[PDB]
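Student: One structure follows; several queries about it will come next.
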Amino acid sequence: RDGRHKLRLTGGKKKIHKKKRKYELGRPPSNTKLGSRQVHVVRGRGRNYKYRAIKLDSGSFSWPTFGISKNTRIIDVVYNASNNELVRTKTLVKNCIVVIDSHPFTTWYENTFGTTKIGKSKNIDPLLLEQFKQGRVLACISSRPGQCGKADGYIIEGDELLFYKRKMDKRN
Amino acid sequence: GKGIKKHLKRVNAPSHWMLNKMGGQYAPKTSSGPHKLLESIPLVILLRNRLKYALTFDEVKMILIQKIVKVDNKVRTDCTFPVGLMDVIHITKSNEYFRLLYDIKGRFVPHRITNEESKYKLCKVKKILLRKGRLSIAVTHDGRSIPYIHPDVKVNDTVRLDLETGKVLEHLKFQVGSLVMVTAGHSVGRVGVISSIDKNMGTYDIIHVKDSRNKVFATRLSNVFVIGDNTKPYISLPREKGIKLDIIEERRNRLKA
Amino acid sequence: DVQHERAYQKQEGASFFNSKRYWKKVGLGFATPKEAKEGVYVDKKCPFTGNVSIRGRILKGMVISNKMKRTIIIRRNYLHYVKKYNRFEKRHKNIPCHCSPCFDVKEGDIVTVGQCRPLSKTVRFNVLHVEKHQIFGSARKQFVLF
RNA sequence: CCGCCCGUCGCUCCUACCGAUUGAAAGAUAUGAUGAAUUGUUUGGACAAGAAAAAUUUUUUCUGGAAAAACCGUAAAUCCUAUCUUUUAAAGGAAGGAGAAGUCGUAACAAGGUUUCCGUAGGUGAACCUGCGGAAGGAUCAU
RNA sequence: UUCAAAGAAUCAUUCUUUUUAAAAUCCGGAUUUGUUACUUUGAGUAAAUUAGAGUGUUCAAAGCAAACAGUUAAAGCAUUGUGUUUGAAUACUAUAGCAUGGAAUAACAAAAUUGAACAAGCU
RNA sequence: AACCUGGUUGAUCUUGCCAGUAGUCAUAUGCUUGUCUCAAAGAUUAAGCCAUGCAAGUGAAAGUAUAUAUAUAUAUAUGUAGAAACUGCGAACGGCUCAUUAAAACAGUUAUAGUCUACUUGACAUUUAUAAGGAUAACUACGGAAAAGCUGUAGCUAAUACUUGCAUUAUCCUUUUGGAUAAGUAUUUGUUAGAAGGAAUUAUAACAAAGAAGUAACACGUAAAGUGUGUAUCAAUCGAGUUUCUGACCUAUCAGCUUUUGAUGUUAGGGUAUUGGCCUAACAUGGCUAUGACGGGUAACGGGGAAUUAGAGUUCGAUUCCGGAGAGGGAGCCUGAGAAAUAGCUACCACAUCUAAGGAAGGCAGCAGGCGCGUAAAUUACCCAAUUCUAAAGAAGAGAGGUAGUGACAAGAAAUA
Ligand SMILES: [Mg+2]
Ligand SMILES: [Mg+2]
Ligand SMILES: [Mg+2]
Ligand SMILES: [Mg+2]
Ligand SMILES: [Mg+2]
Ligand SMILES: [Mg+2]
Ligand SMILES: [Mg+2]
Ligand SMILES: [Mg+2]
Ligand SMILES: [Mg+2]
Ligand SMILES: [Mg+2]
Ligand SMILES: [Mg+2]
Ligand SMILES: [Mg+2]
Ligand SMILES: [Mg+2]
Ligand SMILES: [Mg+2]
Ligand SMILES: [Mg+2]
Ligand SMILES: [Mg+2]
Ligand SMILES: [Mg+2]
Ligand SMILES: [Mg+2]
Ligand SMILES: [Mg+2]
Ligand SMILES: [Mg+2]
Ligand SMILES: [Mg+2]
Ligand SMILES: [Mg+2]
Ligand SMILES: [Mg+2]
Ligand SMILES: [Mg+2]
Ligand SMILES: [Mg+2]
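Residue numbers (PDB author numbering), protein chains in the order written: chain L, 5 to 120, 161 to 213, 216 to 218; chain F, 2 to 258; chain V, 6 to 25, 36 to 161.
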């Protein structure tokens with residue numbers, strides 16, 4: 005299923021002469037969603053287990069500027085450069101932009117210096173700040189939850205963030 | 002079903018085993034181990050076809066059962082254990098010590114050797130890994146990992162390695178004039194000095210090796226085993242001393258006897 | 006316009022926030048062009064800018080097409096000896112290569128391509144160095160022994 | 001030269017062709033329909049181990065979990081077409097080859113008794129004849 | 001499009017040494033200079049078969065063995081004990097790929113409604 | 001041994017075929033055959049069908065024995081065997097055939113900086129304990145079914161089955177001693193820092209987060225304190241998957257193909273052990289082709305090779321080795337390091353066996369053997385002795401393999417004076 009059964013670039017039918025060799029395995033997609041955590045183990049090749057997350061929430065999210073990370077419930081999926089169907093179904097994949105319950109980062113900031161190891165000097169964006177004010181912040185996912193079994197991700201920043209906002213843009 | 006192959010057919014056996022076409026259908030199939038089957042040799046062959054201590058596989062097995070044959074000083078009861086290029090065999094009852102070497106043909110001889118020199122073995126490093134705690138480990142052609150190797154050891158050079166204890170004695174860099182043995186194509190037994198190394202960019206680094214008849218021959222760097230500094234070898238070489246004669250010369254030599 | 010896709014075209018291996036844009040050397044004496052080091056453009060499968068290491072064969076060709084996006088075709092023209100007639104005969108083979116927009120390549124231009132991993136159904140190569148060259152018929156028809 | 005021989009027309013044998021017959025047959029793909037089994041997920045919840053109360057029984061919560069079901073996804077198989085390939089029948093038709101001292105002529109070989117032959121068109125029992133333009137492989141290397 | 005020239009050996013010929021321009025490199029001396037085809041050396045390849053070396057399988061087809069000394073020891077070599085010499089070569093493994101010496105023969109690239117080389121000056 | 005003779009004619013010289021002529025690890029068949037050596041042999045037709053038997057098991061210190069037997073030493077102590085079964089490992093090798101398959105496979109040549117890898121080897125570890133928890137087999141008793149390698153119930157009991165779960169090292173001060181700070185292997189994410197390799201987003205180091213699995217609740221009694229079994233990561237190895245380049249027969253009375261059905265590419269993903277239209281979505285309109293694409297044919301598995309050649313070549317290559325594929329036909333899974341396995345399973349189709357008619361099992365292209373087909377091909381033999389494999393690894397198994405039997409396939413030597 006990872007295999008041939010496909011035209012030959014010249015557009016000639018490869019007359020098949022070989023079954024399907026198990027090492028051409030194409031086991032089917034875990035459309036991993038939001039919800040309470042729930043993950044199965046699929047047994048890949050040499051007992052190499054991999055963790056089909058099927059529901060998720062509490063991924064590890066990073067804040068790249070400051071280069072730190074925190075575990076947060078993720079409250080909604082809002083964009084998917086693959087397809088809008090996935091976002092409709094609220095399915096987490098390796099480049100989904102999603103919304104983090106983003107109090108943790110704020111709390112961390114407060115603990116460290118001010119209110120909304162240390163190479164601080166950068167001191168936050170405007171857009172990001174605004175986002176924080178509502179509690180909830182946009183962030184890519186970066187793990188492939190379907191393989192790794194974790195919704196690990198990172199906060200979307202400056203230029204990329206702007207681009208994603210534009211993409212989202216509402217309007218009509 | 003289809004997985005790995007357990008058997009070896011006696012014609013498909015690598016020539017320098019020197020098996021028969023008759024005298025069997027199969028060959029021994031070296032166990033996985035510290036050597037590459039095409040450049041190893043199982044213990045069975047050693048016991049039966051080289052030393053001729055055994056007539057049969059059965060006899061070899063029996064011998065092994067008495068825990069009396071050591072290869073690199075720790076015992077082996079696996080009949081088809083691969084012995085390979087440099088390894089000292091200590092048959093305990095005779096108090097014989099062999100070291101495997103190459104002939105001037107491709108063939109393994111067991112060399113015969115002293116107690117004193119037996120205690121070490123040469124080992125060429127292949128890879129030099131960094132591992133946890135920034136500690137470097139060399140990996141020898143003996144499929145053996147030497148940890149905490151002396152920093153000046155580089156990827157191709159040989160290492161005089163003790164057997165009683167896992168630690169190393171000394172190392173011999175892969176220099177422009179370093180006494181070398183070969184271990185692959187055509188010039189296999191050959192022993193030379195090295196003239197020159199090519200150091201090709203994407204490819205195999207070919208090297209040229211002047212003999213003691215001053216006959217230059219080239220070889221891949223892959224399959225060259227450093228054995229000395231220009232003066233003296235750090236091991237006892239066989240009687241021929243790696244001097245692959247011409248065919249005519251060889252014939253003449255044969256005649257004069 | 007750099008960001009043309011539905012996704013943000015980033016450049017993996019960049020490192021934006023901390024540290025003292037990303038390109039690499041690719042080796043075998045193929046000089047990374049100015050357009051890779053300068054000149055923003057994101058390419059996952061650029062030899063220099065992206066994450067594909069060229070390794071294996073290097074073979075010169077001559078471009079037939081630019082029609083695909085960031086992807087080129089190169090016919091290798093060569094001579095298959097036939098022992099019966101102790102003569103040769105022109106033969107050929109169209110290698111598809113990935114380009115990367117550091118190289119502006121019109122047709123008939125000589126290129127050299129390194130191997131690299133399977134980038135798509137057929138493109139296993141990418142162009143490392145583009146000699147200029149000029150052509151008058153169709154590149155299709157130019158034999159250049161090489 | 002009482003030589004050679006040409007074609008129709010009969011007669012016998014064999015070969016392949018055309019052939020109505022939606023001819024037939026098997027196989028191959030391609031479409032579509034239904035669709036066994038089943039990976040995965042979802043629903044399930046026979047029960048087997050806990051937690052709650054009464055003196056072994058009652059009600060409620062947490063675990064693992066069989067059957068059964070639903071949805072994608074692999075997808076056998078069967079049926080229906082379509083197309084193609086392959087053998088294969090057929091009244092009749094029309095060739096060919098073989099044979100037999102058969103019928104009718106005399107076409108060709110000699111200036112073969114209209115030189116021959118070409119291409120083309122029409123003709124005619126049959127060889128063939130005729131027209132037009134070619135050729136000499138002419139019966140003229142020549143005024 | 002660098003043709004040639006001169007010296008020594010051998011039985012008119014063969015094999016060898018030396019220099020005749022220009023540019024870069026090295027402490028007046030000394031040493032790098034288009035691409036590919038082609039060719040030469042290699043490298044790297046399973047053996048069996050094939051060619052082929054050795055070996056009286058009684059011959060031979062074979063095989064990959066064997067030979068040697070002795071009514072039972074000498075001789076060797078080992079510090080009473082231990083047989084000894086060995087052999088199972090080599091070449092073939094494309095037409096492609098790898099490195100490689102190359103002077104010929106081929107291509108191609110370089111090259112004027114203008115092309116690049118230096119010395120000075122300015123940025 | 002670089003070879004030619006007869007045939008057109010009344011004769012001649014050519015062209016030209018026919019005929020002879022030799023060989024074939026090339027089949028058949030006819031007649032004939034006293035030795036010996038060697039030895040192909042149901043490929044060609046039907047990858048047609050199969051009665052019976054056999055072809056993968058495994059225990060010699062070393063998981064589990066109140067089935068049980070037994071010998072010592074003083075009713076206990078050790079022991080020594082041990083049917084059975086659980087566990088473990090193997091059964092993915094081997095063997096067979098050649099139907100498929102014509103840039104596919106295969107050969108050489110790369111590549112894996114794109115991966116997986118049991119056994120074997122070597123390195124070698126991290127966030128009640130004088131010893132933990134049940135619950136299961138064989139077994140006992142009660143059963144059922146015509147039958148099946150069918151299993152029901154109740155009661156036990158082990159395990160190396162299954163499940164828990166107990167200091168020291170590196171960074172800073174003092175004179176080897178006494179304090180301070182840390183302390184997760186893969187794996188994953190984000191942030192950086194960077195002894196090789198031609199080239200690194202490599203090794204590695206740090207920071208912020210998660211995080212499997214593990215580090216002996218095991219068994220012998222060994223060696224000159226050892227071993228077996230198990231175990232995280234790394235490397236080696238036995239490999240495997242993909243992959244680069246180049247290389248194939250006949251056909252143009254196959255010339256345009258491929259693209260809604262992924263054709264060509266880009267992006268993002270999903271999936272994979274990893275790369276990849278491998279799959280999904282979105283977007284391009286590509287890609288191949290007279291140097292033969294795409295079809296068709298092959299009485300095609302590929303190659304190493306075989307025959308025959310002076311030299312070229314031509315034909316063959318089912319068939320000793322390597323590779324591919326397949327186990328009646330497709331398809332689908334489980335186990336496992338490795339299978340899309342077929343003497344594993346599920347299903348359908350096509351064959352087909354037993355049945356008390358309810359059901360049940362079955363797959364010789366393993367070895368023999370039989371029918372069929374055919375021009376066309378051997379014994380239902382003996383053995384593990386050799387060669388090897390597997391195992392709890394001398395000690396057991398092996399139709400793998402070998403030895404004979406049949407054998408005018410071939411090949412060699414050689415009577416009949
Ligand atoms: Mg199979
Ligand atoms: Mg007249
Ligand atoms: Mg007439
Ligand atoms: Mg006339
Ligand atoms: Mg008229
Ligand atoms: Mg008329
Ligand atoms: Mg003839
Ligand atoms: Mg006799
Ligand atoms: Mg058959
Ligand atoms: Mg057979
Ligand atoms: Mg044992
Ligand atoms: Mg038992
Ligand atoms: Mg097999
Ligand atoms: Mg366990
Ligand atoms: Mg699509
Ligand atoms: Mg076939
Ligand atoms: Mg074959
Ligand atoms: Mg056949
Ligand atoms: Mg069958
Ligand atoms: Mg199957
Ligand atoms: Mg069977
Ligand atoms: Mg079946
Ligand atoms: Mg049979
Ligand atoms: Mg026969
Ligand atoms: Mg045996």
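Ideal Cβ positions, reconstructed from N, Cα and C, are used throughout, including at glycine.
Give the interface partners of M202(F) over in chain V, defined as CB-CB distance under 8 Å, in chain order.
Tutor: Chain V residues near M202(F): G42, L43, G44.
Student: What separation, rounded to the nearest whole angstrom, lies between the Cα atoms of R161(F) and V45(F)?
Tutor: Going by the C-alpha atoms only, they are around 27 Å apart.
Student: Given a limit of 9 Å on CB to CB distance, which residues of the segment 48 to 78 of chain L reach chain V?
Tutor: For the segment 48 to 78 of chain L, which is checked against every Cβ of chain V, the residues closer than 9 Å are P68, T69, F70, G71.
Student: Looking only at its chain, what residues have a beta carbon closer than 6 Å to the beta carbon of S73(L), apart from the 5 residues adjacent to it on each side?
Tutor: Only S64, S66 meet the Cβ criterion.
Student: Who are the neighbours of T137(V) on chain L, taking C-beta pairs under 8 Å?
Tutor: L13, listed in chain order.
Student: What does DSSP give as the partner residues of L38(L) in its beta bridges?
Tutor: Per DSSP, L60(L).
Student: Going by the beta-carbon positions, is the gap between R191(F) and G229(F) smaller than 7 Å?
Tutor: No, these two residues do not count as a Cβ contact at 7 Å.
Student: Is it right to say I195(F) is buried, meaning 16 or more other beta carbons lie within 10 angstroms of its own, or is it exposed?
Tutor: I195(F) is buried by the Cβ-count criterion.
Student: Identify whether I87(V) lies in helix, strand or coil by the three-state DSSP scheme.
Tutor: Correct three-state label for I87(V): strand.
Student: When we look at the beta-carbon of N215(F) and count the other beta-carbons within 10 Å, is it buried (16 or more) or exposed?
Tutor: Exposed, because fewer than 16 other Cβ atoms sit within 10 Å of the Cβ of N215(F).
Student: Which residues mark the beginning and the end of the beta strand (DSSP E) in which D163(F) is found?
Tutor: Looking at the DSSP string, the run of the beta strand (DSSP E) that includes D163(F) is 159 to 163.
Student: Would a C-beta distance cut-off of 7 Å place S197(F) and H187(F) closer than the cut-off?
Tutor: No.
Student: Could you give the first and the last residue of the continuous beta strand (DSSP E) run that contains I125(V)?
Tutor: Start and end: 125 to 129.
Student: Of all Cβ atoms in chain L, is any one closer than 7 Å to the Cβ of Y37(V)?
Tutor: No, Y37(V) lies away from the interface with chain L (no Cβ there is under 7 Å from its Cβ).
Student: Could you please give me the residues that DSSP links to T95(L) through a beta bridge?
Tutor: Bridge partners of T95(L): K37(L).
Student: Using 7 Å as the limit for Cβ to Cβ distance, is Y56(V) near chain L?
Tutor: Chain L, which has no Cβ nearer than 7 Å to the Cβ of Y56(V), makes this no.
Student: Using DSSP with H/G/I as helix, E/B as strand and the rest coil, what is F21(V)?
Tutor: Of the three classes helix, strand and coil, the one that applies to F21(V) here is coil, per DSSP.
Student: Quick check on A46(V): buried or exposed, where buried means 16 or more other Cβ atoms within 10 Å of its Cβ?
Tutor: When all chains shown are included, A46(V) counts as exposed.
Student: Pair every Cβ in the segment 72 to 92 of chain V with every Cβ in the segment 114 to 134 of chain V, then say whether three or more of these pairs are closer than 8 Å.
Tutor: Yes, the segment 72 to 92 of chain V is in contact with the segment 114 to 134 of chain V.
Student: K62(F) lies in the alpha helix (DSSP H); which residues open and close that run?
Tutor: Run containing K62(F): 58 to 66, per the alpha helix (DSSP H) assignment.
Student: Any C-beta of chain V sitting closer than 7 Å to the C-beta of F117(L)?
Tutor: So, not an interface residue.
Student: Buried or exposed, going by whether 16 or more other CB atoms sit within 10 Å of the CB of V102(L)?
Tutor: Buried, because 16 or more other Cβ atoms sit within 10 Å of the Cβ of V102(L).
Student: Under the rule that 16 or more other beta-carbon atoms within 10 Å means buried, what is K122(F), buried or exposed?
Tutor: By the 10 Å Cβ count, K122(F) comes out buried.
Student: In chain order, what residues of the same chain have a beta carbon less than 8 Å from the beta carbon of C112(V), not counting five sequence neighbours either side?
Tutor: Same-chain partners within the cutoff: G76, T86, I87, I88, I89, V126, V128, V138, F140, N141, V142.
Student: Touch check for the segment 162 to 169 of chain F and the segment 135 to 154 of chain F: three-plus C-beta pairs under 8 Å?
Tutor: The segment 162 to 169 of chain F, when compared against the segment 135 to 154 of chain F, does touch it at the 8 Å Cβ threshold.
Student: Would you say the segment 12 to 28 of chain L touches the segment 99 to 113 of chain L, given that touching needs at least three Cβ pairs under 8 Å?
Tutor: With a cut-off of 8 Å, the segment 99 to 113 of chain L and the segment 12 to 28 of chain L do not count as touching, because too few Cβ pairs lie within range.
Student: Can you grab the Cα-Cα spacing for the pair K60(V) / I69(V), in whole Å?
Tutor: If you take the alpha carbons of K60(V) and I69(V), they lie about 10 Å apart.
Student: In three-state terms, what does DSSP make of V45(F)?
Tutor: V45(F) falls in the helix class under three-state DSSP.
Student: For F22(V), would you say it is in contact with chain L, using Cβ-to-Cβ distances shorter than 7 Å as the test?
Tutor: With 7 Å as the cut-off, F22(V) counts as an interface residue toward chain L.
Student: Check the Cβ of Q8(V) against every Cβ in chain L and list those closer than 7 Å, keeping chain order.
Tutor: Under the 7 Å cutoff, chain L gives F207.
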